Amino acid sequence: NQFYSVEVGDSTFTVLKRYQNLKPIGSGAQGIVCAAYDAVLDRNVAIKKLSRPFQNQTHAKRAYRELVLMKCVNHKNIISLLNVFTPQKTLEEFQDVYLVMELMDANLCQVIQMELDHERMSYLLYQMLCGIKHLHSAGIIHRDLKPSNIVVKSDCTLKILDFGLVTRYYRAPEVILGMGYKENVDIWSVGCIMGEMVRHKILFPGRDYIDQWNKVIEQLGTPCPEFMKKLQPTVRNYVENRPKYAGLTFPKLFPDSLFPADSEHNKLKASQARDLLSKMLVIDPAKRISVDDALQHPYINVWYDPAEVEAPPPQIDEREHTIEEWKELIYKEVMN
Ligand SMILES: CCNC(=O)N1CCC(Nc2ncc(I)c(-c3c[nH]c4ccccc34)n2)CC1
Ligand SMILES: [Cl-]
């Protein structure tokens with residue numbers, strides 16, 4: 001047989017024999033993931049077993065979308081698909097899908113805990129922006145960027161793991177309040193991640209959206225009439241009846257005490273970093289900085305290389321299907 005089975009991290013992995021010494025490296029709702037040695041390629045890989053891809057239409061659509069996009073997209077800051085397989089021989093027996101990807105060293109949740117380094121932080125932010133720019137050019141607007149679905153190598157090279165559309169702390173006001181969104185909906189999420197790299201605290205924590213919104217207005221201030229008028233009347237009423245906050249200024253939100261101190265370079269960078277935060281963490285998306293403009297910001301633009309930023313977009317998600325239909329769709333996709 002060309003497969004073998006091993007129990008790993010309380011799941012059964014049935015994989016190609018090329019893949020050896022499977023070790024659990026974590027899990028998500030999307031599936032459980034192992035590190036493995038690929039004997040054919042002489043390199044370590046990550047293997048994801050999709051957890052109950054057919055349990056419902058939501059799972060199926062996500063699995064199909066992930067598979068097709070990860071195949072189509074080829075960018076250095078988006079995780080790339082190395083191989084895909086199922087151990088089952090027929091569509092009727094078809095049950096499991098295995099994704100093989102490059103093995104990364106850590107997700108951002110770990111890196112975020114490290115002591116702030118301007119070189120590191122600006123480089124990570126630059127790469128996130130490059131990945132997001134590339135997704136957007138393909139019509140992919142993520143809406144759920146968060147530290148746990150962003151991964152990095154020991155050398156600080158960074159890749160986004162998924163394609164978006166449970167932790168809700170990184171979601172934009174227009175998403176929370178149901179206003180509709182544009183491309184810079186993803187910039188708010190970057191801003192939350194950056195704010196967290198600085199404070200080592202979740203910016204907008206909260207048991208629920210009510211709690212979350214309170215943290216937003218307490219720190220950033222009650223939004224302007226311009227913004228209010230763009231809300232549904234019914235939503236408008238709740239938001240307007242909250243206590244009015246003047247925002248904390250960004251110097252108070254992100255004081256000098258949180259940044260490397262006592263050199264000229266360090267003074268320079270703290271102010272630049274705060275300026276960028278001030279442009280990303282903007283409640284009204286009409287006033288929030290774009291991806292392209294963020295890449296031009298002095299804090300970010302030191303890393304700018306046209307060959308990384310200006311890559312051609314891929315040339316390829318509203319249709320519904322039965323679970324049986326999605327299954328055949330996924331199967332043919334697996335069989336290439
Ligand atoms: C908080 C620190 N994180 C950490 O130490 N690790 C996570 C990432 C991991 N590397 C990897 N490399 C490739 C992939 I694809 C995935 C991965 C994809 N989906 C996941 C879901 C949960 C955990 C890991 C993954 N993960 C190494 C171990
Ligand atoms: Cl809620």
Side-chain angles (χ1 to χ4, degrees), residues 1-6 8-20 22 24-29 31-51 53-54 56-60 63-64 66-91 94 96-105 107 135 138 140 148-151 159-164 314-315 321-322 325-326 329-331 333-335:
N1 182 9
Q2 73 237 62
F3 298 84
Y4 74 106
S5 290
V6 56
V8 190
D10 293 287
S11 292
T12 295
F13 276 57
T14 301
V15 305
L16 295 174
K17 283 182 184 146
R18 65 196 272 171
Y19 306 114
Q20 308 167 356
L22 271 67
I25 57 182
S27 64
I32 158 162
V33 191
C34 291
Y37 171 71
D38 183 347
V40 169
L41 293 182
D42 188 20
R43 58 182 283 195
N44 288 343
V45 304
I47 298 176
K48 187 175 179 193
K49 179 179 174 200
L50 300 196
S51 64
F54 308 139
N56 55 57
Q57 280 177 37
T58 288
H59 281 215
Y64 178 75
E66 179 184 9
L67 190 50
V68 163
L69 289 176
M70 223 191 270
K71 276 166 150 218
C72 290
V73 172
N74 301 317
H75 187 280
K76 60 201 287 182
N77 306 120
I78 308 298
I79 195 75
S80 56
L81 194 52
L82 297 188
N83 195 19
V84 198
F85 68 78
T86 176
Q88 288 94 42
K89 307 310 171 185
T90 75
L91 169 71
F94 179 39
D96 308 305
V97 171
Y98 293 82
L99 305 181
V100 192
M101 298 155 265
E102 48 190 336
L103 183 62
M104 302 294 280
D105 300 337
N107 64 37
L135 294 179
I140 303 164
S148 51
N149 64 23
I150 299 171
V151 286
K159 302 176 187 288
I160 300 164
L161 276 186
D162 71 317
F163 302 90
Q315 295 307 97
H321 296 291
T322 68
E325 286 169 352
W326 279 118
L329 275 169
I330 291 175
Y331 185 70
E333 198 60 49
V334 172
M335 303 300 120

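All residue numbers refer to positions in the sequence shown, counting from 1.
- Judged as a side-chain contact (heavy atoms from CB on, under 4.5 Å), and not counting sequence neighbours, the contacts of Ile78 are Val73, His75, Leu135, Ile160, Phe163.
- Considering only heavy atoms from C-beta on, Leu103 comes within 4.5 Å of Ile25 through its side chain.
- Scanning both residues, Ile330 and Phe94, for their nearest heavy atoms gives CG2-CZ, 4.0 Å.
- Residues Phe3 and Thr86 share a closest heavy-atom pair of CZ-O, 3.7 Å.
- Between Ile32 and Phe13, the shortest heavy-atom distance links the atoms O-CZ, 3.5 Å.
- Taking the six-membered ring for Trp and thresholds of 30 and 60 degrees, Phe85 and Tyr98 have nearly parallel ring planes, at less than 30 degrees apart.
- With a 4.5 Å cut-off on side-chain heavy atoms, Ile140 and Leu69 count as touching.
- Of the possible donor and acceptor atoms, none in the side chain of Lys159 sits under 3.5 Å from a partner among the backbone N and O of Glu102.
- With sequence neighbours excluded, the residues satisfying side chain to side chain donor-acceptor pair (under 3.5 Å) with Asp42 are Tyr37.
- The aromatic rings of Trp326 and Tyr64 sit tilted relative to each other, their planes meeting at an angle between 30° and 60°.
- Inter-residue side-chain proximity for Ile79 and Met70 is flagged as met; some heavy-atom pair is nearer than 4.5 Å.
- Between the side chain of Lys17 and the main chain of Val15, no donor-acceptor pair closer than 3.5 Å is present.
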